[PDB]
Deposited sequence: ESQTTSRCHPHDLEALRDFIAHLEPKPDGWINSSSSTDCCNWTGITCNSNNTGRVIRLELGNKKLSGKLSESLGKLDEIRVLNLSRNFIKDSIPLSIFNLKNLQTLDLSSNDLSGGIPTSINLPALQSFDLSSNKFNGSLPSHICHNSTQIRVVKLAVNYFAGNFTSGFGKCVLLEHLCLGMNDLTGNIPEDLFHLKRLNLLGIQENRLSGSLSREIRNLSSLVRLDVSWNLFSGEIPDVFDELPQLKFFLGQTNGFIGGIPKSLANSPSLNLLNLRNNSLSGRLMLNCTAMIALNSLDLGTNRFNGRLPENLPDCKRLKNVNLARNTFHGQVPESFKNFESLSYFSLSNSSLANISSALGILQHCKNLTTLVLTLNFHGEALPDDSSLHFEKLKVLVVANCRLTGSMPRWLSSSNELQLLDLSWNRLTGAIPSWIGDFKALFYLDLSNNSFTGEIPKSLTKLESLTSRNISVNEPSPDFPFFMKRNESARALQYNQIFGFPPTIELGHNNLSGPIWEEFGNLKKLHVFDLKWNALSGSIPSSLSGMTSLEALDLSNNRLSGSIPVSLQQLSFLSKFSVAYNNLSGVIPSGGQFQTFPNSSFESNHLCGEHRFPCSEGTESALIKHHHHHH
């Protein structure tokens, strides 16, 4: 039997919230509060109902639980405001109201002397930063205001939280520079201020935050040089400052930090020669300097970084050949150098093959005009993701790729490749994304494609690769580019469009139960569209336009209920345009230039 005062507070609290948990169904007629889901006594001292689909509003009686030490209501659907009495519990040491739909703002008077952790992340809080919470809450170690609508200056105050360890102000709308007082925080080990609108140089006084382990400054409007302060940050492990306007090179002290694991300054304005003392940087495993104006040949000493696993140097202004020293990049797993004026793909491939841990390789927009190596000597045993697109490469499908049995994604589109698509292309048990579009392949489409294991049985299992860099996709040069953080984020895809191909569309394509995009536009295919394409239940996009196909559109295609993109324009088809199911959501354009009769669109004689 719990205290009648807490028993009442709990009842008002849950009266404004649905649905009642396990748990609380008998709350009206019980005194046994200490065993209800979430409660903990010794007087209620904890109340934890995170992730319980709670909907409604925070009752005012919450501030009546005078002995509460933990208040956890994270990950629910609680709207409206936080009651004022909750800002006066004398014993509350952890407050977690993250991931709800809380709104309004934070009071100017707060008195939480016991408070250690304050988390209002992922809500709709508005207004000025609760900086003054450091006045009465002298013991506070964690402040989390991330993902809210806090705007205005990044105001002074947090420097009064002498004991503060985590400060997260990410994804708000803050302006101004980092306030001078914040550099008093001798014990701060996390500072996230990313995804705001902060501006100005990044002060050298950061050297004071000597306890920092993780510093995220990314996605702001900072400018000037990266401050040369990294010898005064012996515990720093993660510097993230991408998408700012930083300039100059990598400072000597950053270039010599033995603790740094990850460095990400992508999308800035860095320049000159890129040097990193790989003898000093013994912990470095991920490096992302893409979209900068570094120049010269690719650094020759990067493989001396013996832990370096993720390397992204894309879209800089390097040039020339992959340095000969990259043979010894023993640790390299993901390597992306898109759009970097790289030369000699015969040499680059012949060298990168030595990196036995290499699983993802992106060389898009490089080697302009050269010839894909035919040499069958090349071996990439662990290769999972190979994107070598838009290089105008000549030659034929590289036979050597056939022994990369773990291949999951292959893009060789927008080249000048010839010959037939070999049949071994269908022996990749883990292949789920294939783009060979916009080349000059000839001959029949190989039947092995129809037997691609990862497209037929929805229980084939493999480990997705985990590069730190994202992948972008544009259908055409104009199209807004799409971001994909995860390899398994890509739709299962067979893209053979814009080639020079002939033969039928094999009936057996009906086997591919889990194919999403099937694109064969702009070839010279013939025969009838098999009724068995209805077997591809997961189809979202089916483009057969611009071929030589004959016969009617199989009326079974109506069963394709995910089908949102569909064209058979510019063929030789005849009969009635199928109606309903998905079909009346397709535009007139999908059926134009045929002998196809409609009912509302394309009449007949």
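The deposited sequence has C-alpha coordinates everywhere except the stretches 1 to 6, 49 to 53, 617 to 631.
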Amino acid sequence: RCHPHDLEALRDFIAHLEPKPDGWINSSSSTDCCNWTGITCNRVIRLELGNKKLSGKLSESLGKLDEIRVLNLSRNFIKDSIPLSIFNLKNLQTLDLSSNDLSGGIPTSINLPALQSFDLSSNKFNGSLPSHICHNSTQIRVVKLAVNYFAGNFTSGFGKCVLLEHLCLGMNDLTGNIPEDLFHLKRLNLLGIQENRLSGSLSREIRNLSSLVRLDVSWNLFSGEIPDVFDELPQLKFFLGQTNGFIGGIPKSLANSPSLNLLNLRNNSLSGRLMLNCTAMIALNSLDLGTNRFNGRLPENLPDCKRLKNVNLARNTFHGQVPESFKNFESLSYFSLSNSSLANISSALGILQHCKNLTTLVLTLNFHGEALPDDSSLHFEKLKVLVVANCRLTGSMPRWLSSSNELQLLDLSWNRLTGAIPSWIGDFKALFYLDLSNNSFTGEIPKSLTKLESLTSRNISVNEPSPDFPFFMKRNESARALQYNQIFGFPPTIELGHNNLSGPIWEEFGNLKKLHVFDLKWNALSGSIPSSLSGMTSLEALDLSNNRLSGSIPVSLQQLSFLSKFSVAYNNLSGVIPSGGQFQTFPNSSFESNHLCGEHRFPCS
From here on, numbers count along this sequence of modelled residues.
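Checked against the record, the higher mean CA B factor of 170 to 178 and 516 to 524 lies with 516 to 524. For the segment pair 443 to 451 and 141 to 149, the entry gives 443 to 451 the higher mean B-factor, averaged over Cα atoms. Per the PDB record, 509 has a higher Cα B-factor than any other of 509, 318, 125, 326. Note on the listed residues 232, 195, 216, 375: the highest Cα temperature factor in the record is that of 375. For residue 132, the recorded CA B-factor ranks within the highest third of the chain. Only modelled residues enter the ranking. In this PDB entry, the Cα temperature factor of residue 306 sits in the bottom third of its chain's modelled residues, the lowest group.
Among all modelled residues in its chain, residue 96 ranks in the middle third by Cα B-factor.
Annotation for residue 102: C-alpha temperature factor in the middle third relative to the rest of the modelled chain, per the entry.
Sort the modelled residues of the chain by CA B factor and residue 79 lands in the highest third.
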